[PDB]
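Single-structure report; data block below.
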Amino acid sequence: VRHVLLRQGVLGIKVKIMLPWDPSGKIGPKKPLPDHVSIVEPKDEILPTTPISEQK
Amino acid sequence: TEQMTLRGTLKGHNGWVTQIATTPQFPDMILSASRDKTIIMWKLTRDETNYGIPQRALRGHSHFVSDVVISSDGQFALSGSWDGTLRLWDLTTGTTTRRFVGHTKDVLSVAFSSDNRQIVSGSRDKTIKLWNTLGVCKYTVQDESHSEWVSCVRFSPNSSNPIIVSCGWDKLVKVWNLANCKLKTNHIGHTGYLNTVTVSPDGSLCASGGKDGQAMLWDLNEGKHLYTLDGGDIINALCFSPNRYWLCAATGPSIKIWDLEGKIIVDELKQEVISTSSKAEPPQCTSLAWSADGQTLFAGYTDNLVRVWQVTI
C-alpha cells in the first residue's frame, strides 16, 4: 500500500502479486499448490516378464 | 483316505489375524499376531467345546504387527511391526529384552535363524537388513535390492552354507549368499506383485506366489524353472508340510491343499457358508501354518478367528 499526493486530494495505490514457485527453490514459498492442492503424480508402467532363471 | 474334518475355531482378537506360527519344541503352545496391535500366546486345551484360551497377551505397539516368528528354543519370540520397529520378547511374562531401532517405514517380514544369531527384516524402505541378537546392524542391503516393497524373506535350512531368500513387489525373487552379500540369482516370473515365498524343510526349493496366484517352483542350487500351477485368484501365504511333500495354498474362500507327488489337489477346505453378500461372502484366508504333528493345521482370517482343521483317515 502506498499513498500518492496530487494537487487535488490523495490517491491510493495497492498492488497484490502472486508468487509462482511450486517445483522447487529457492525454496521460498512451499511446494504444494495453494487454492486447489494438487496431487503430484509421476508415472511408470511396463512389464515384459516371462519365466527364466538368470544366475549371478 | 487322508481327508480333512473341521476341528474347531479359536476366539480372542479384535483385529485381523496377520500371521500364526508354532514352535515344534512346544506344540501345546501356538502364537498369533493381529491388527489389534498385540501378539497373543495361547493355552491349548484339546476339548472340542472350545479348542484353546488366550494365556497372556503381549502388548506395546502403535501400529499393526505384521509377522511373528518363534525361537528355536521356544523361550523367545520376535515380531515385526508397521511402526518401523521390532521387539524381542521373553515369552514367560512379557518384558521385552530389546527393541531394534532403525527403519524409516514399515517392517513387513521378519524371520529368526536356526542358530539364533541372525535376524533379517523386509521393509517398505526397499531394504533387506541383517540384525545381531544384541539389536545392532551387522549389515544392510541397499545395493542390488528390490525397486519396490520387500514382501517376504526367509532363512534357508541347508547342509551348513548361508543362503537367504528375498522377494519383493518388483516381481522377482532374489537369493542372497552371506559373506559377499551378492545376488546368487534372479528369478523372473509371475505377472503382478509377489506376496509370499517359503522354502522346503530339506531346502532346495522356493514355492512362490503373489497377485498372480500361481505357484511357480524354483531350484535353489540348480537355478531352473521347474513348472507352474494354477493356484486360483490370489495366494497370500504358503507353507510346506513337515512330514509330507504337500503344499497348502491360502486363497480367499478356501484353502487348497495340494499333493505334490503326483501333482493334484487333495481337498478344498470350506468353512462356514453363512449367507452374506457379495464382496467376500466368507472372509479371505490370509495366513496359515502347520503343526509339527502334521495332523492339524491352522488358518488366519479377517473375521478375527483362527479356524482349526485335522486330518482324518
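Coordinate-derived values only; no laboratory data. Reconstructed Cβ throughout: ideal geometry from the backbone, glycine too, with neighbour counts over all protein chains shown.
Return the total of residues in segment B:175-196 being under 17 Å from B:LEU108 (Cα atoms) and either of a type in the set (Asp, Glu) or surrounded by 23 or more Cβ atoms within 10 Å (Cβ to Cβ) (or both). So that I can check it myself, show each step before the final result.
Initial filter on segment B:175-196 (under 17 Å from B:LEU108 (Cα atoms)): B:193-196.
Checking which are either of a type in the set (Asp, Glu) or surrounded by 23 or more Cβ atoms within 10 Å (Cβ to Cβ) (or both) leaves us with B:194-195.
So the count comes out to 2.
Taking segment B:211-233 as the search range and keeping residues that are hydrophobic (A, V, I, L, M, F, W, C) and within 12 Å of another protein chain (Cβ to nearest Cβ), which one is surrounded by the fewest Cβ atoms within 10 Å (Cβ to Cβ)? Spell out the reasoning first.
At the first step, the residues of segment B:211-233 found to be hydrophobic (A, V, I, L, M, F, W, C) are B:215-218, B:220, B:226, B:229.
Now drop any that are not within 12 Å of another protein chain (Cβ to nearest Cβ), which leaves B:216-218, B:220, B:226.
Details: B:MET216: 21, B:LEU217: 18, B:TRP218: 23, B:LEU220: 19, B:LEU226: 12.
Only one residue fits best here, namely B:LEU226.
Could you tell me which of the residues B:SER62, B:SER34 is closer than 30 Å to B:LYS256 by Cα and of a type in the set (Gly, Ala, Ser)? Reasoning before the result, please.
Numbers: B:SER62 fails: closer than 30 Å to B:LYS256 by Cα.
None of the other options fit; the residue is B:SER34.
Would a scan of segment B:216-225 turn up a residue that is in contact (Cβ under 8 Å) with a residue 60 or more places away in the chain, in a loop (DSSP other than H, G, I, E, B) and either farther than 26 Å from B:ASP67 by Cβ or of a type outside the set (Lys, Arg) (or both)? Explain how you work it out, then say what you get.
As a first pass, look at segment B:216-225 and keep what is in contact (Cβ under 8 Å) with a residue 60 or more places away in the chain: B:220.
Checking which are in a loop (DSSP other than H, G, I, E, B) leaves us with B:220.
Narrowing further to those that are either farther than 26 Å from B:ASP67 by Cβ or of a type outside the set (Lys, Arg) (or both): B:220.
Yes, segment B:216-225 contains at least one residue that is in contact (Cβ under 8 Å) with a residue 60 or more places away in the chain, in a loop (DSSP other than H, G, I, E, B) and either farther than 26 Å from B:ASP67 by Cβ or of a type outside the set (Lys, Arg) (or both).
Yes or no, residue by residue, for (1) away from every other protein chain (no Cβ under 14 Å); (2) in contact with a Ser or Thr (Cβ under 8 Å, 6 or more places away or on another chain); (3) free of Cβ contacts under 8 Å to residues at least 40 places away in the same chain; (4) loosely packed, with under 10 Cβ neighbours inside 10 Å:
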site: A:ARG7; (1), (2), (3), (4): yes, no, yes, yes
site: A:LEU19; (1), (2), (3), (4): yes, no, yes, yes
site: A:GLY25; (1), (2), (3), (4): yes, no, yes, yes
site: A:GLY28; (1), (2), (3), (4): yes, no, yes, yes
site: A:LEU47; (1), (2), (3), (4): no, yes, yes, yes
site: A:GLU54; (1), (2), (3), (4): no, yes, yes, no
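Filter segment B:94-144 for residues that are hydroxyl-bearing (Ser, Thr, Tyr) and in contact with an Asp or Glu (Cβ under 9 Å, 6 or more places away or on another chain); which is farthest from B:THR23 (Cα to Cα)? Walk me through how you get there before you give the answer.
Start the filter on segment B:94-144 by keeping residues that are hydroxyl-bearing (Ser, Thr, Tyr), which leaves B:95-97, B:104, B:109, B:113-114, B:121, B:123, B:127, B:133, B:139-140.
From what is left, the residues that are in contact with an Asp or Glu (Cβ under 9 Å, 6 or more places away or on another chain) are B:96-97, B:104, B:109, B:123.
Values: B:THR96: 19, B:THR97: 20, B:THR104: 31, B:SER109: 18, B:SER123: 25 Å.
Applying the filter and picking the extreme gives B:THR104.
Considering only residues that are without any contact (Cβ under 8 Å) to a residue 40 or more places away in the chain, over 15 Å from B:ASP219 (Cα atoms) and among the small types (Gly, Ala, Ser), look in segment B:160-193 and name the one that is nearest to the other protein chains (Cβ to nearest Cβ).
B:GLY192
Of all residues being more than 20 Å from the chain's Cα centre (by Cα) and part of a loop (DSSP other than H, G, I, E, B) in segment B:5-20, which is surrounded by the fewest Cβ atoms within 10 Å (Cβ to Cβ)? Just the residue, please.
Applying the filter and picking the extreme gives B:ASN14.
Regarding B:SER123, is this residue among the hydroxyl-bearing types (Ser, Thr, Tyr) and either within 14 Å of chain A (Cβ to nearest Cβ) or touching a residue at least 24 places away in the same chain (Cβ under 8 Å) (or both)? It would help to see each step written out before you state the result.
Details: among the hydroxyl-bearing types (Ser, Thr, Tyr): yes; either within 14 Å of chain A (Cβ to nearest Cβ) or touching a residue at least 24 places away in the same chain (Cβ under 8 Å) (or both): yes.
In short, yes.
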